[PDB]
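**Student:**
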Amino acid sequence: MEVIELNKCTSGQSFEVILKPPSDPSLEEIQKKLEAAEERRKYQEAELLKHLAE
Amino acid sequence: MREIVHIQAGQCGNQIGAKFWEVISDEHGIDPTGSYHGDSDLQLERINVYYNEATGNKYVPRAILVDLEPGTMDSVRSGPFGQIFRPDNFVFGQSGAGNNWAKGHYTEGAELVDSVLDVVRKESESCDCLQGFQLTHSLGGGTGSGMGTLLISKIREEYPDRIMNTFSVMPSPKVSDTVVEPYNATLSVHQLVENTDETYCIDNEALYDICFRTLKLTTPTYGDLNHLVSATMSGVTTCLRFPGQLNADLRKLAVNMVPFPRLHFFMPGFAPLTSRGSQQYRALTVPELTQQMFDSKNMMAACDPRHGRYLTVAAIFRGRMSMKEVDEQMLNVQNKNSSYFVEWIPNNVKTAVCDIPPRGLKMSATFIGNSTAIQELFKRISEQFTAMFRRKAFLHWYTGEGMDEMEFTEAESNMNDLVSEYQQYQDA
Amino acid sequence: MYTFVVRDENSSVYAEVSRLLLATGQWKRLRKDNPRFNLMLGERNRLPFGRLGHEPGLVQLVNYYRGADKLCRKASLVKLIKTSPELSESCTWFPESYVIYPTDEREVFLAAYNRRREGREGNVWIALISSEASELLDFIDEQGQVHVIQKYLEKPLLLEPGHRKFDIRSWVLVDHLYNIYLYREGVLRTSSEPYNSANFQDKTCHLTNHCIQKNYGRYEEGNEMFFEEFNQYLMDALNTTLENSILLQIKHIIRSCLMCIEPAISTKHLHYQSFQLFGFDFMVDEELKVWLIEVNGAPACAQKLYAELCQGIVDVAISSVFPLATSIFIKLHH
Amino acid sequence: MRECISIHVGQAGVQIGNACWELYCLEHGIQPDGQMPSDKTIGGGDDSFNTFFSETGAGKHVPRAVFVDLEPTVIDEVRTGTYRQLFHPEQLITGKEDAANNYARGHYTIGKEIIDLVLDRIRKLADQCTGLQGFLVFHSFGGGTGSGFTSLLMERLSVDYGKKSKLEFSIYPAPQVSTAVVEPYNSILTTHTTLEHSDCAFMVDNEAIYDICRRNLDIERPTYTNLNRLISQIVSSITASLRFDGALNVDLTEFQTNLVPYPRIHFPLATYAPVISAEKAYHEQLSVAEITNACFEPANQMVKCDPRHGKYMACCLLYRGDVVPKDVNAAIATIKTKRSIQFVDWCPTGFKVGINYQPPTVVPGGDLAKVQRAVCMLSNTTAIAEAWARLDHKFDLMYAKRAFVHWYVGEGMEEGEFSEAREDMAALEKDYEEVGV
Ligand SMILES: Nc1nc2c(ncn2[C@@H]2O[C@H](COP(=O)(O)OP(=O)(O)OP(=O)(O)O)[C@@H](O)[C@H]2O)c(=O)[nH]1
Ligand SMILES: Nc1ncnc2c1ncn2[C@@H]1O[C@H](COP(=O)(O)OP(=O)(O)CP(=O)(O)O)[C@@H](O)[C@H]1O
Ligand SMILES: Nc1nc2c(ncn2[C@@H]2O[C@H](COP(=O)(O)OP(=O)(O)O)[C@@H](O)[C@H]2O)c(=O)[nH]1
Ligand SMILES: [Ca+2]
Ligand SMILES: [Mg+2]
Ligand SMILES: [Mg+2]
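Residue numbers (the working numbering), protein chains in the order written: chain A, 73 to 126; chain B, 487 to 914; chain C, 6 to 339; chain D, 210 to 646.
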């Protein structure tokens, strides 16, 4: 029913039609996560190399 | 990542290895000189995976040839594609391994292994981005089996973040050299379970049966068996060698195929099954390829696929065909037989198509399956091992090289663990 | 070989349908949770409609219409009849009804109750049956959930011999194309004890439910009068057919309810396809006016008719989508 | 004028990027060499297109775009392709080895060693912005780089540009064209980690596009090329308001404002019409009524789901071609009385409409026929949660047996992140439930 906010230009137009009314992590914490994971990979690798040394 | 380093070890390893380089060289248009004489550009796009370029412009296989005897390597060198291999990549001792895993792994092999690793290092250093390694060997002898698994252990120590894969020929009494093959196979499996990422199980039992029952060859030779191996090998490495979306490198194949680290032993399949020389004239229909590739009689591991469940499957279709018809037929197989594909891995069947067919066929399909039915292969070896091991028969060949019985007990137990681990997922 | 899964264990209708599908040998049953089915006979509650029709190379079909609960819950049916232009408050085959909550249209209900009080004309209502208003509202807050207050039908048609109340159950199958199929066999669910105009406390002569009766079994086997007999009766007693006096009205009601929700529930342009069996419950008054009581989303059949109807389900709902290697239904023409 | 930087991550992000920029060039009359004859202000300007293209003194119009892949093959195609001249080498960033379809490898292992370089090359574009409004991020959910690298990139963009808006274009995984069995894992992990960092995300299910290409373009087996030209048409419909003069969705902030009342529930459904094969010999051109009606068909949606059984929170219609308001309102009136459209109680039942008079451009010799009018509908409907329900069920099936988890643990991720990511998805599925019935 009601047409509002009609805006026209050379390129086109826009408007709104209403039919019915209603009723972060820091740089430090990131560095931390990426280094924790790297340390877990380092430990898994060192465990493997120890086992191969045995 | 691009470069794969290929290692072939022992009589079997070097015989299947030579055939592999023969077959893939013809597909990439490379001749015995190392000179390209092909038409398509698809042939050269990923040639660096398997070949080095040394100015010429000549193509040299990234291939190291290993044996404890000189015999089979002289055979390779004066063979058809013999001139193509880098002469420095030939590493041999004199004394052999006498079908004895202990000699390959601990005594004779230990003497030769450092020279092999020098050649591996020299090849690894010319790589932009080494993917990892493939090994061709058998499990039944001493060099491919004992020394081959020694090499794998040492390669893993020096390159722990690279993929290790094997084409492993399993022994059978049907095609057998010695009684100790089950001992050698059990000791090798123990290694493979811990140190490879992916292992193609080539069962000499299956290859024999295919030759006898299906190809109507009344007495199969190694040549006949190896024709099936080289076709399967060409097939399973298609996605690595040619422009393509999925399973396009060794790590992505492992990620899609291996849901649990120990269960990485694959059953390959091929269609159509052809014998050497004798050509087939009628191309197969896409429905026929799809039915045959899944048929137990096209499997290269003597396991009944209906006795287990598929964890994952990769399928490679080669030739000019209808990709729509491929999708439909692939979808038809799964929907018809859904109880054989585990329901807790969704969409566990992936399909690739490549335009280039293998030599002498217009259409082909290659099957790679991770089935829990592979357990039948390990149960069979286990039975043969125990029949001897309970009377400690033939053990003196091994204790004489410094081994204790404990090592056999441990290798057997680990293979029995693998069996029951497969049974766990077949019932889950 | 077509495939199917079963996710409702308590369904006598569908138990029989699967049993029939297996017995053709062109259908294979899979485990509950295998997604690679053509046909889902699904659970009554929380059916995963979102996971249907996303399986490449499989035409999928389910035995429920998503959104049909708008028809099949009493609270929802009232709301649907009042607010839809196709039905409206003007609607003449649905009893005057109001939706009531405890912690809503309680206000509007008591207003119509007083115009009844004006002329003192029959002022009895159901929820369970009372003469006076505030004794119903005191029963409501006592129970917990939401329930409906409905005008009780004080002048029902009564079968002689025995001064007995009844209701008619009709079974309707809506296929994947939204064809509306009325099963030619209905059933009357009779009271055994004579009807008591001045005592609503005596409850088994007023409510015709097949369980609540078991005087039971006196006049007809299991309090079930079928169609041939009830027609014979209406000819003999009242000089008319079942077709003319009742069934024309029933066909009209069924088609009106289901045409109304068609845009909300149709699977015509959807990635999966639906069918559903409904049970419509009808009351007949003494002038042979038909009233819709309720719509059942998951009905059972009557013993004598399981075989025939279940076969029809297979014939028009299933094999129409999945063909194998006269009709028991009247198609209602919209 | 306020600038936007486009970020294209992984194979999917890059190939879709190529298609979008290809299309952008055709729409603005920018040539393969980077020259724009109709642009009269040589060397600068603050026209609407400069939101996406910067300028050199030589008169070259250059995408405000960074391409990042962990492997070189796909970005190497851009480097030597028909649009080689358009992009500055510093905008094309490649690693040596990819994420092997593994979220943890893309995020933790390989992410770590490339994140600083990427953020530095992003900074080089940001420095040339007088007023940067933020980011458009293109990636797959299913790839290791698309999922893993993207989520890390998003965390860091929130840190370095906390004031700026972030929009996503995300390829949701489909088995018909997917490359990995672990895509469900990658999807849930990337969604969990990205949820807080994204203002508005447009999901495109490859299943839906695959089927549109089969049914409407008569393509027997759609390739990525087919899919991407279609996807880029929809993306251009969405971004047209940033690149052309108008009064609807003129900055990134307006996308959240118009499409996202509840911040977690930031996934609008796109519906596009019409899609017409170029080799359809005889085609009767569709009207405003017909194309608008088609916005309410599940078959035309970017994600297959059923909006009749959810609730709307917002709805924008974006028309291109010969369309006037009168015909829009007439089409809306009729559609309103025929369809189940239910808004939530706390929102107006209504439509925001934008019309650009230029009809959609098509790529010469492509699959799409030129049409006189087209529309993209952006709706924030709860029905889209069906796509999360599907994804979550697949994740649950594999994770219950811990299938493939060792690949992720081996990359340094803890098993607990799986159950955390899945918990956030259970809460998300719940939010949609509460809003939706
Ligand atoms: N629509 C569309 N989808 C694509 C395209 N390329 C890949 N995908 C989809 O994205 C997923 C695979 O992700 P990719 O983007 O290839 O992966 P990536 O980000 O490069 O990550 P890695 O290769 O694992 O390092 C699958 O669901 C594909 O079907 C494309 O060009 N268009
Ligand atoms: N407005 C009304 N007037 C007269 N009798 C009524 C009535 N509403 C219900 N009844 C009677 O009471 C019984 C109540 O059943 P109703 O259909 O309302 O709920 P229900 O779910 O317990 C039975 P069903 O399982 O068939 O759905 C009916 O069988 C009917 O005989
Ligand atoms: N399929 C196949 N099996 C072979 C071949 N040569 C030997 N074998 C098998 O390999 C095992 C013996 O190992 P072999 O490779 O000869 O010994 P090695 O040189 O010490 O490794 C036995 O199981 C043989 O059956 C061959 O060319 N092809
Ligand atoms: Ca300018
Ligand atoms: Mg030998
Ligand atoms: Mg990639």
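The beta carbon of each residue, even a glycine, is placed where N, CA and C say it ideally should be.
1. Rounded to whole angstroms, what's the CA-CA distance from residue 411 (chain D) to residue 512 (chain B)? Just pull it up for me.
2. Enumerated in chain order, which unbroken segments of the beta strand (DSSP E) with a length of 3 residues or greater are wholly contained in the region 329-365 of chain D?
3. Does the region 874-881 of chain B come within contact of the region 680-690 of chain B, defined as at least 3 CB pairs closer than 8 Å?
4. Going by beta carbon distance, what residues of the same chain come within less than 8 Å of residue 544 (chain B), once the five residues before and after it are set aside?
5. CA-CA distance, residue 248 (chain D) and residue 258 (chain D)?
6. Per the DSSP calculation, residue 695 (chain B) is bridged to which residue(s)?
7. Return the chain-ordered list of same chain residues with a C-beta closer than 7 Å to the C-beta of residue 722 (chain B), the five sequence neighbours on each side being excluded.
8. Between residue 262 (chain D) and chain B, is any beta-carbon pair separated by less than 7 Å?
9. Taking C-alpha atoms, which residue in D:545, D:409, D:349 lies nearest to residue 383 (chain D)?
10. Got a sec: is the Cβ-Cβ distance from residue 517 (chain D) to anything in chain C below 7 Å?
11. Leaving aside the five residues before and after residue 58 (chain C) along the sequence, list all residues of the same chain whose C-beta is less than 6 Å from its C-beta, in chain order.
12. Of the residues B:749, B:600, B:803, B:546, which one's Cα is nearest the Cα of residue 773 (chain B)?
13. Taking contact to mean at least 3 C-beta pairs separated by less than 8 Å, is the region 515-522 of chain D in contact with the region 589-606 of chain D?
14. For residue 640 (chain D), which residues from the same chain have a beta carbon less than 7 Å from its beta carbon, with the 5 sequence-adjacent residues on both sides left out?
15. How long is the line joining the alpha carbons of residue 508 (chain B) and residue 616 (chain B), rounded to whole angstroms?
16. Using only Cβ atoms and a threshold of 5 Å, which residues come within that distance of a heavy atom of ligand 4? Order them by chain position.
17. Just curious, the beta strand (DSSP E) that residue 492 (chain B) is in, first and last residue?
18. So, is the C-beta of residue 611 (chain B) closer than 7 Å to a C-beta in chain A?
19. From what residue to what residue does the beta strand (DSSP E) around residue 788 (chain B) run?
20. Between residue 106 (chain C) and the rest of its own chain, which residues show a CB-CB distance below 6 Å, the 5 nearest in sequence each way excluded?
21. Mind listing, in chain order, the continuous beta strand (DSSP E) runs of no fewer than 3 residues lying wholly within the region 171-236 of chain C?
22. Could you give the residue range of the alpha helix (DSSP H) that holds residue 600 (chain D)?
23. Is there at least one Cβ from chain D nearer than 7 Å to residue 274 (chain C)'s Cβ?
24. List the residues of chain C whose Cβ lies closer than 7 Å to the Cβ of residue 416 (chain D), in chain order.
25. If you measure from the beta carbon of residue 117 (chain A) to each beta carbon in chain B, is any gap under 7 Å?
26. Would you list, in chain order, the members of the region 596-618 of chain D that have their beta-carbon closer than 7 Å to a beta-carbon of chain C?
27. Is the CB of residue 501 (chain D) under 7 Å away from at least one CB in chain B?
28. For ligand 5, any of its heavy atoms closer than 6 Å to the Cβ of residue 627 (chain B)?
29. Residues in the region 273-305 of chain D with C-beta within 8 Å of chain B's C-beta atoms, listed in sequence order?
30. Residues in the same chain with beta-carbon distance under 7 Å from residue 431 (chain D), minus the five sequence neighbours each way, listed in chain order, please.
31. Which term fits residue 689 (chain B), buried or exposed, when burial requires 16 or more other beta carbons within 10 angstroms of its beta carbon?
32. Given the structure, does residue 307 (chain D) come close to ligand 6, in the sense that its CB is under 6 Å from one of the ligand's heavy atoms?
33. Hey, which unbroken runs of the beta strand (DSSP E) at 3 residues or more fall wholly within the region 534-589 of chain B?
34. Going by Cα to Cα distance, which pick from D:626, D:610, D:485 is closest to residue 914 (chain B)?
35. Distance, Cα to Cα, residue 61 (chain C) vs residue 816 (chain B)?
36. Ignore the nearest five residues each way along the sequence and tell me which others in residue 613 (chain D)'s own chain have a CB closer than 6 Å to its CB.
**Tutor:** Taking the structure as given:
1. What you label residue 411 (chain D) is simply residue 202 of the fourth sequence in a count that begins at 1. What you label residue 512 (chain B) is simply residue 26 of the second sequence in a count that begins at 1. Rounded to whole angstroms, residue 411 (chain D) to residue 512 (chain B) spans 48 Å at the Cα level.
2. Taking 3 residues as the minimum length, the beta strand (DSSP E) runs contained wholly in the region 329-365 of chain D are 341-349, in order along the chain.
3. With a cut-off of 8 Å, the region 680-690 of chain B and the region 874-881 of chain B do not count as touching, because too few Cβ pairs lie within range.
4. Stepping through the second sequence from its first residue, residue 544 (chain B) is reached at position 58. Contacts found: 519, 520, 521.
5. Locating residue 248 (chain D) in the fourth sequence gives position 39, counting from the first residue. Locating residue 258 (chain D) in the fourth sequence gives position 49, counting from the first residue. Between residue 248 (chain D) and residue 258 (chain D), the alpha-carbon positions lie close to 10 Å from each other.
6. On the second sequence, position 209 is the one that residue 695 (chain B) refers to. DSSP lists no partner for residue 695 (chain B).
7. Taking the second sequence and counting its residues from 1, one reaches residue 722 (chain B) at position 236. Taken in chain order, the residues that qualify are 686, 754, 852, 854.
8. Numbered from 1 along the fourth sequence, position 53 holds the residue referred to as residue 262 (chain D). So no, residue 262 (chain D) is outside the interface.
9. By 1-based counting over the fourth sequence, the position of residue 383 (chain D) is 174. The residue with the shortest Cα to Cα distance from residue 383 (chain D) is D:349.
10. By 1-based counting over the fourth sequence, the position of residue 517 (chain D) is 308. Residue 517 (chain D) counts as touching chain C.
11. Numbered from 1 along the third sequence, position 53 holds the residue referred to as residue 58 (chain C). Within the same chain, residue 58 (chain C) has close Cβ partners 65, 276, 277.
12. Within the second sequence, residue 773 (chain B) is the residue found at index 287, counting from 1. Nearest C-alpha to residue 773 (chain B): B:803.
13. Yes: the two stretches touch, three or more of their Cβ pairs being nearer than 8 Å.
14. If you number the fourth sequence from 1, residue 640 (chain D) lands on position 431. Cβ within range, chain order: 473, 474.
15. Position 22 of the second sequence, counting from 1, holds the residue named residue 508 (chain B). Position 130 of the second sequence, counting from 1, holds the residue named residue 616 (chain B). Looking at the two C-alpha atoms, the distance is approximately 23 Å.
16. Checking every Cβ against the heavy atoms of ligand 4 under 5 Å gives D:248, D:250, D:254.
17. As a working mapping, residue 492 (chain B) is identified with position 6 in the second sequence. Residue 492 (chain B) -> beta strand (DSSP E) spans 490-495.
18. As a working mapping, residue 611 (chain B) is identified with position 125 in the second sequence. Not an interface residue.
19. On the second sequence, position 302 is the one that residue 788 (chain B) refers to. Taken as a continuous stretch (DSSP letters only), residue 788 (chain B) belongs to no beta strand (DSSP E), as it is neither H nor E.
20. Here residue 106 (chain C) refers to the residue found at position 101 when the third sequence is read from its first residue. Closer than 6 Å at Cβ, skipping near neighbours: 151.
21. 171-179, 185-188, 192-195
22. Mapped onto the fourth sequence, residue 600 (chain D) falls at position 391. Note, residue 600 (chain D): alpha helix (DSSP H), 594-608.
23. The count along the third sequence starts at 1 and reaches residue 274 (chain C) at position 269. Closer than 7 Å to some Cβ of chain D, the Cβ of residue 274 (chain C) qualifies, so yes.
24. Within the fourth sequence, residue 416 (chain D) is the residue found at index 207, counting from 1. In chain order: 59.
25. Locating residue 117 (chain A) in the first sequence gives position 45, where the first residue counts as 1. When Cβ-Cβ separations below 7 Å define contact, residue 117 (chain A) makes contact with chain B.
26. 598, 599, 602
27. The sequence position of residue 501 (chain D) within the fourth sequence is 292, counting from 1. Chain B contact via Cβ: absent.
28. Indexing the second sequence from 1 puts residue 627 (chain B) at position 141. Yes.
29. Cβ contacts with chain B: 280, 305.
30. Counting from one through the fourth sequence, the residue named residue 431 (chain D) turns up at place 222. Excluding residues within five positions, the ones whose Cβ falls inside 7 Å are 419, 422, 423.
31. Locating residue 689 (chain B) in the second sequence gives position 203, counting from the first residue. Buried, since its Cβ has 16 or more Cβ neighbours within 10 Å.
32. Along the fourth sequence, one-based indexing puts residue 307 (chain D) at 98. Of the heavy atoms belonging to ligand 6, at least one sits nearer than 6 Å to the Cβ of residue 307 (chain D).
33. If we require 3 residues or more, the beta strand (DSSP E) runs fully inside the region 534-589 of chain B come out as 537-540, 544-547, 549-553, 576-578.
34. Locating residue 914 (chain B) in the second sequence gives position 428, counting from the first residue. Just measuring C-alpha positions, the residue of D:626, D:610, D:485 sitting nearest residue 914 (chain B) is D:610.
35. Here residue 61 (chain C) corresponds to residue number 56 of the third sequence, with the count starting at 1. Here residue 816 (chain B) corresponds to residue number 330 of the second sequence, with the count starting at 1. Approximately 11 Å, taken between the alpha carbons.
36. For the purposes of this step, residue 613 (chain D) is identified with residue 404 of the fourth sequence, where counting begins at 1. Once the five neighbours on either side are set aside, the close Cβ partners of residue 613 (chain D) are 391.
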